[PDB]
Structure formats: structure tokens, C-alpha cells
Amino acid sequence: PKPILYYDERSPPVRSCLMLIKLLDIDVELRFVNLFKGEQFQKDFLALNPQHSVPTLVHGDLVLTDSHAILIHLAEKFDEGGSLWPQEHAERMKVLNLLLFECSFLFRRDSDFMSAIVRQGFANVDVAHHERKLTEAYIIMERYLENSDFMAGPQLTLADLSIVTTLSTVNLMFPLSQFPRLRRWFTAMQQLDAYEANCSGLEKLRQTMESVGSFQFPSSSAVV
């Protein structure tokens, strides 16, 4: 039975899974869950995933409710032996470490910022506070890229797929002018055929956020 992905492409973690699915040419059934309308609280979806979150993957009996587990599972089943989720223990641990950075730091802070916009309206958000917190994430990623060409080493890994979607979302608001390594890396990610899977949901998120938050992202910020 082929994998089933419950998804809303506005979510950066969803887009990371879509990028991997395109990159590896995985045949997956897509089932849309509209987060803006609250469909993640439908009784049947809640029973499947009590965290009421996307992405959620159903693959046979296996139910995964975190993008980072979905990325690892799909890499192991469809990029077996490959370099996205590298074979050598230390290289694999490096990728895992950066996946968890994305979960615990970059996504956490972007989520905090974007949900404050939705709850309060942009005009009432402490933007300087969130600018400091997300600039710190930029600094950390710049450090990682000062030591290696991609996030977790010399070649593309799951860490880049996980991080680039949330980075592109942060960068709707906050420019990368002061971060040359992160700009070079982001530009390189944008040249990948798989990055096409990030573009549509990023734009839909931009539209939804501007509407719900009553504001406009500065057009000059996003690297394009």
C-alpha cells in the first residue's frame, strides 16, 4: 500500500515532505486537511493524530505525526543506502542533529512569530522581539554553513530539505542581506528541481498570513 500524506502546503514541514517526495519520485496519495478552516480537528483526523497536525503519514499500519520522522522513514524506504540520510553513523547523527535544530529552534521560533500575527494582528505583535529571535536562528545557520557546504556536510541531506522550507518562510519577513553563506545556500537550494515543491505553499501561506494578519510582508526581503 502506497503512503498517504495528510497535508496543507502552507505548512513549511509539509513542504519539506513534498520536496522529498518529488526528489525521490515517490508515489504518494495526498489528502488535504485545511488548517485555516480547522479540519485538523475533525473527529476522524483527531483519532488518527491527537496532535491535530500536518504532515501526517499513514504507510500501511505505520502512522507518523512529525515531519522529521516522515522524512527519515521515506528516505529509508525509498532512498535506501543513499546519501540524503547518510549511511555512516557520524554523518547520520549530524543530519539528525540539524533536523532537531529545525524542530526545536528554527520552526519553533517561526511558529511563535507567525501565530502571534494570527492571534493578535500584525500591528499588535512585538516584531522587534521576534526579529531578534529569528535573527539568532540566521546566525546559527550561518555558523553551520561556515564549516560545511550544505547544512549537515558536503552534500544535500534531509537536513537541507527540512530547514529550507522554514527558512523561506522566515525570509518572507526578515531579509538575509547580512548572511552571505545562508544566501548562497538558499540560492543553491532554489536551483534544485525539488524546490519547485516549496513554491506554491510558500505563496499560499504569504496570502493567508497577509489577509488574517492585516499586513504585507516587505517584498524586498524574500530571496528570489
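All residue numbers are counted from 1 along the displayed sequence.
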Per the entry, higher mean C-alpha B factor between 99-107 and 79-87: 79-87
Selected stretch [higher average CA B-factor]: 4-12 or 213-221: 213-221
Top residue by Cα temperature factor, when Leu145, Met93, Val118, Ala137 are compared in the entry: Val118
Residue, from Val127, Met151, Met114, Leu71, that the PDB entry assigns the highest Cα B-factor: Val127
Chain third (lowest, middle, highest) by recorded CA B-factor, residue given as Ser53: highest
Third assignment of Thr187 from its chain's C-alpha B-factors: middle
CA B-factor ranking of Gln42, expressed as a third of its chain: highest
Chain thirds of CA B-factor: placement of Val28: highest
For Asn34, the third of its chain into which the C-alpha B factor falls: middle
